[PDB]
Structures are given as structure tokens and as C-alpha cells.
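You are given C-alpha cells for the same protein chain in two forms, set apart as structure 1 and structure 2.
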Structure 1
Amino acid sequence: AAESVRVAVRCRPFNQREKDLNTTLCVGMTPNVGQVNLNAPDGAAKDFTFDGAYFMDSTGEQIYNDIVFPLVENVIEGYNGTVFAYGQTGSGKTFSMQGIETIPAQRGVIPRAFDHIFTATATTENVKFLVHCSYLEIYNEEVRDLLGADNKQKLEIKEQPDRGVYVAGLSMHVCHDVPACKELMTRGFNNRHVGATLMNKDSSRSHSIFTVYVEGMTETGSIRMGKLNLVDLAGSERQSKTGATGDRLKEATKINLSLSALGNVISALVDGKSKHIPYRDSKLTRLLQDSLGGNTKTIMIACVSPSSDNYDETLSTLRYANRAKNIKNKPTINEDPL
């Protein structure tokens, strides 16, 4: 039967901008029951329930072990899996996906997924595994390869019933171990479009997708074809807060439009009346199409600011996250016999 997309909310500690503005804590949580509340200046609260609720003291270790670990186990079995970080600029999407390599509890989703996969392949002798990685970015409505030779070359999207939506000409890289995956992640990080604003000095100016392909040849002949999409979206932002001008501002209009398209896809999927879903409104929603309503086990990590200054932006993240938990997917094991 169909299963829901799983949603977790992560509230990061205050940033310097928020402390200088003398803002107050407007986010509350009861983690053991997945509860999150948002308080307005008058005191009125809006209550929500999610699959996970992680507060200012939460670690990447906790988040991964609780919600991501089962999904990565599903990819090893032959399922398609997707983890995507969503939220306002500077909320903690890149920190949640990449993290800090030198602090064990602070390592992100992506490096932990590499360790988990290669430990599972190393402890299985009756299945031979081949692991490939790809890494792309959607920058100003152009799909670009972050591991290719021409990072400026616009790539085209193709569709096929047995493959879903894919990127034609996207380079594929064999990874025999965790260092190989890390070398690609480093190379890709250097090529990703980034830029400074008053909301985030290290703002991601594109949506990124790191895909790990897990192919397993079983002793009963058959080939399992698991695939893990690790998605670090760009975030919603406002010119009055970022202070963005020129090219930085042009990126903001394309980022905001593509994120509005994702919101519209989420809303149409759960309104109970939309016969057609607007996946083609952006390259982002076309590449997330199979993850939202399709053949995939999906997790959204909705990141939020704890500050009263970001009440409106945090409320928007929570409303879309609340809607996303009702999206119904039909994941199946991808397994080609002989």
C-alpha cells in the first residue's frame, strides 16, 4: 500500500544577526512526541506534529540515527530513497546535509550515508555491490553537473517509465570506498554556486542533488538497483533582510520562483482535488517528481530559525512541512532478474 513522506523539523541555535537585533525565542518543542509550536508576539501558539522534532541542542548523529538510518537501509535493499533539506536561507539546510567533519556528533547526513553504505557492503559476502555517485546543481533554471568537465554546460532532463526522470549526460563516478565518495563531495562543493548575503555569508545559490547508486548482484542471479538522492535546496529569502544586489539578487528571484513551484507541487499533491500536479514549473520539481508522489521512500528535513524576527518565514516552512507529511508515495524494490 502507499506510504506517507516522513517529515522532521530542526531548529538551530540563534545566529549573530538575531542576537544583535535582540530577538526572542519563538520556537518551542516536545521532541518525544514530535511536537513543534510557533509563538506569535502576542503569545498565541500554532501547534504542529511531525515524525521528528529536533531543538537547538540536536545533533546530526541523533537525526541520522533516528530518521535517516532506516531509509538508507531501504536503499541497500533496492529501494529509491530521498532526503531533502528545506527552509529559509541560513536555517541550517547545508549544515544538516554536510555538517562538520571534525566533530563526530556534528557530521552531516551525506558523510554518514557514505559510512553506512560501505559498512553494509563490507559486511555482506553473498551480494556483490557496485557504488556510483553523481552530483548536480540547479542554478538559475539550468541543471549543471558539479563533477563534470563543463560545469557551465546546461544538461537536459529525460523521462522513461523504467528510470523515472533523469539527467541526460550527467557524469557517473565509481566509488570503491568512503574516501572516493568524500573526494567527489569536496570537488562538487568547490564548484557549487555560493554567495554572501546578510542572512548567510555562505549561502547556497543553487539547489544541489548528490545521488548514490547502489547496485547489488545477488547469488540468486538478480540485480538490485537502489538509489539515494541527498538534496540540499537553496532557501527562501527577502531583499529587505539579505541586502542582495546585482547577480546575487537575480539568483534570489530564480531561487524564490523554484521554491514557490515546490510549494505548489506539495499543495496540489495533498489538496484532494488536483488531478494534475505542476512538476514542470521548475527543473527542481521535475527532478524531485519521483520523490514527491512516486516510487521513492522520502524524508523532508525542514530547518527553522529560533528567532522572533523570522516568525513569518518559519511559519511558511512549518505549513509546507505539515502539508508534505500527507504526500503519498508508492515505493517498491527495484530488482532486475537475469
Structure 2
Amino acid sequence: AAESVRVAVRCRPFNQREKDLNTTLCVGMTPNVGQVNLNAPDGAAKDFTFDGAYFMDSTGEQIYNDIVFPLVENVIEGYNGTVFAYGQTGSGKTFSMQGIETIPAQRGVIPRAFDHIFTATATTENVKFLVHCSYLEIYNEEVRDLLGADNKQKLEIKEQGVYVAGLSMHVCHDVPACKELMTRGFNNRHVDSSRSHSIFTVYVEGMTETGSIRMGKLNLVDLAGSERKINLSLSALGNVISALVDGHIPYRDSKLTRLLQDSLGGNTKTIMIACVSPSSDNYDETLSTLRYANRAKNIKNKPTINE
């Protein structure tokens, strides 16, 4: 079925220095209708409509429940699903994807997708599920396996769909197995993470009582900071989105757009979490993220059940 990319905006709270400077709040929201207003110094507001609008006190729990939970349900049924985190360095991309364990309601979409997948796969008595994970990093157009034996090894992108040749896949029989791969991946990151893209993939294979196998993959992507060969994957993402909404798509311009070409206009249900700052000192970057997120709503995907 024809389905548009769902876009949600998340505004982080002020940090300590912003409070010490008494920094002006230039972001407003009307979460019932997904409205985000951005105020300029002169007083003129710029208004945007999104599929979700999560303000300074929002939690990873309420973001997951409203926006990601139905996509993860679809992955279990056999669909491909992708969640990207987009925004400047310091806006909350990693806090939205990974989150924190010190405050349970602030746990990210990745730990939450693990709990959801292992709960839902066990409560479906008709289907037997096998879960596998992969975790890669793209820095300077160099693709690296974050869980492999040699993490330094640069890997090639080939097509059979599109895949990373030599990318290790790790069986996960439960949530602890999943969380060990997350910390393992973190300790193997390039030396900090602001200029690279990371992709955590969860493969959910379901075997029915008949014997029919369905295969849905979940891509959880933490993009490099959008602040204005290092910036090629980000520039190509913008160029791809422009072609997709402008009515040829240059997926091959970068490693990131080649790998995720099915997430942008292909067989996948995609969600974009655009992260913004509440501060008037970040106005220019926030306006850039909001315009990018607004444009991203017009991308048309064609997700079908992989069975």
C-alpha cells in the first residue's frame, strides 16, 4: 500500500548553561494537532504540522507508545520498518534512540523495541520467531562492523537486496543478548560519534504452523549531526529526499543512501524523529531541522508484507 513517511518532532529541555544565561524559549507546540511554532526575534512565528510534537518534558515511553510501537507490531507481521533520528549535535538524537536507564521513562526507542519484540514474539502461539542483530557505523564513507572480530575492517556494499558484505549477524534469544550487542557496539565506535551514522538492525523471522516464513527487518538509525567525503552521506540524504518529493533518485551518491534506499521510497514503513533545541541561540539550526522534517512528510513509500 502507498504510505507516506511519518514525521515527529522532539524538543529537548534547556540544559544548565541555557538556564544560567536565561536563554529565550523560541519553540512552542500544540501536541494534540502536531503543531510546532518557531519564533523569530522580531516576533514573527513560523508554523509547521507534524504527525507528532513532543515538548521539553516528553518521555521516550510516550514517544515509543504513540509512534514506534505500531511500526514494531508491523515488523513482527513481516513488514520492513525504519526509524531515523535527525537533528543538530546536542538536540537529542542519541537520547531518543538509546536514552538513559537511570530514569526508566527516558529509555530510548532501541531498548524499547527489544522489550517489545521479545514480548510480542512470545505471545503469538501460532508462530516461532528467530531474532538476529547487526550494528554498523559509517564515518567518512567507510562502512564498519561494530560487533565483528576486526571492527577496523572497512566493508563493501553489494547487491544480490542491498547488503554489507562480511557484516556479522548475531542471534538474540532474549533482551539481555540484545543489550550486550548495544554496549559492545558503543565500546567499538570510531575515535566523537557526532560526525558518523550508526545503524542497528533487528531481523525478525517468523515461521508459521503451516511452514510459511515471514521476514521483517527493523533499521534503527542515528544520523550524523545536521549542523551547517565526511558530509557526503548527509548531503546525499538531502539530495535523495529532494528528488523523492520533487516529482532519477541519486541513492548511489553515498554509502548511507545506498544501504537505506528501501527506507526512502521503497518497501518499508519509515518514521523520522527530528530533534530540536528550545533555545533562541539554536534558531537557525532548528529552522533547518523543521524545514527538512516538513519536506520529509511528502516521501511516498510502498510497504508490503514480506511473505
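Every residue number counts along structure 1's sequence, beginning with 1. Just so we're on the same page, rigid core means the largest C-alpha set that superposes within 1.5 Å between forms.
When two forms of a protein are overlaid on their rigid core, residues whose CA moves 2 Å or more are considered shifted, and residue 17 is one of them between the two structures. CA movement of residue 102 between the two structures equals 3.0 Å, with the two forms superposed on the rigid core. Its Cα shifted by 1.6 Å between the two structures, residue 282 is reported here after superposition on the rigid core.
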